[PDB]
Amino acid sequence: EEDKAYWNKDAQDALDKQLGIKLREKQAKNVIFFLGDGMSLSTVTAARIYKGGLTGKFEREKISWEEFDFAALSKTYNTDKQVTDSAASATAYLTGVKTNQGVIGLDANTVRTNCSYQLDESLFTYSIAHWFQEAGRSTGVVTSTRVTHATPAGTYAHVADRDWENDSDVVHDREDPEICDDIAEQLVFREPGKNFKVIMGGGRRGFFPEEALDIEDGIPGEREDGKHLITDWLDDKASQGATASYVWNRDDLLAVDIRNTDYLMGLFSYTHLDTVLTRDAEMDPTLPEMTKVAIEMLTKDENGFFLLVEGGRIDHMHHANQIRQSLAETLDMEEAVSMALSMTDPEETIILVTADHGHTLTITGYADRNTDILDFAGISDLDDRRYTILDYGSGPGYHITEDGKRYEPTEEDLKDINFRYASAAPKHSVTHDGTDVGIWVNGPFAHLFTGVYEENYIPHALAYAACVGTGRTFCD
């Protein structure tokens, strides 16, 4: 068992590993950036124990990126709020500049929801994907959310409001769609989006009009301007002489001919992809599966590539206090990191994992070792009712019963994938959490991430290592 000699050996071996670390002071050819949306440090710890329950290692289990030698902390406050949204943070960790709540790819002069600001090129911030393109290297994005969602949008878009995924959202805020480009338009018509070799995720709805119907579901599109952007995207590649494929299910994705495919657009859902615990495994590719094809495509570029992969529905589950699903989305991303590591050369590939912001998840005591992380922790000594190990500072989990008592979770509740674990402050959708989040890095110049940094530091360091952009560079 876990006795003196055991813990002494465990520590000495970790010390030996630490002392055996070798710095990689050489250029990064590739950068793969994983983003766990709303994946607080507490989400990681919880997810680790969750994984341990599946492997029988429990609290001794390790998350794949926890094998990396470099971890760091990231300060997420933005230019007008203590607790950032996904838009302003993505602007920060992908374009290197912090900005206001709800804004993407514009600096803090921007007044949210006022489109004029997205017409002023002087306020634009440029993404690490843009910088890779300027250096003549390939780029792509993979996510479990609509591909027009704030996080992936950070790599290409410039909007005064992140809600403007399609033209109908622009119209809804009474701005002029003709001149106010929505995110979906920017992805297909403007740089850097129009040059991405790989685009995968959900959100088909934003790419064709109300008069047209969704492949798969036959749901009317959301566009109100008659544009069929998927066909525009395809026509465009064809006119360049390149080969392009649009797929919308797993079988077709897995069937794509890697060697002969220049551009790949894979949209697997009308909106966000189905959560891990609800998806049809036959029809939807998993995050690791999307990740692997992305890397196969982008890696054909002998000068390198940048790829963003987002485990995005971690956040959505947390907003509903649906912690069981949140942990399942997190492990899907954890497995995609293992997939990426198994396919790339660490002497030339940076793999970085971080979160945009956290969520108010906490891990209460005092269950025994090996207890299922989603289980009860004990019984309150104030009201004599059960309470769970996991709970929230914020969200719809707060529940006062009809007869005026604290809602007591049951066994059935715990297994219910839609059960909302208790919060301290009721809100229809949980707020994010302002606590610093983690960064974990492997590959060239991973040692640029050792201490505590502003969230916008990230891409400046990455550009230095990759030799892209107009900042200081390893190749300078």
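Heads up: residue numbers just count along the shown sequence, starting at 1.
- Higher mean CA B-factor, judged across 174 to 182 and 161 to 169 from the recorded values: 174 to 182.
- Just going by the entry, 211 to 219 versus 139 to 147 on mean CA temperature factor gives the higher value to 211 to 219.
- The PDB entry assigns its highest CA temperature factor, among 342, 291, 155, 394, to 342.
- As recorded in the PDB entry, 404 shows the highest C-alpha B-factor of the residues 358, 404, 365, 202.
- In this PDB entry, residue 417 carries a Cα temperature factor that places it within the highest third of its chain's modelled residues.
- Sort the modelled residues of the chain by CA B factor and residue 31 lands in the middle third.
- Split the chain's modelled residues into thirds by C-alpha temperature factor. Residue 447 is in the middle one.
- In this PDB entry, residue 243 carries a Cα temperature factor that places it within the highest third of its chain's modelled residues.
- Ranked by C-alpha B-factor against the other modelled residues of its chain, residue 93 falls in the lowest third.
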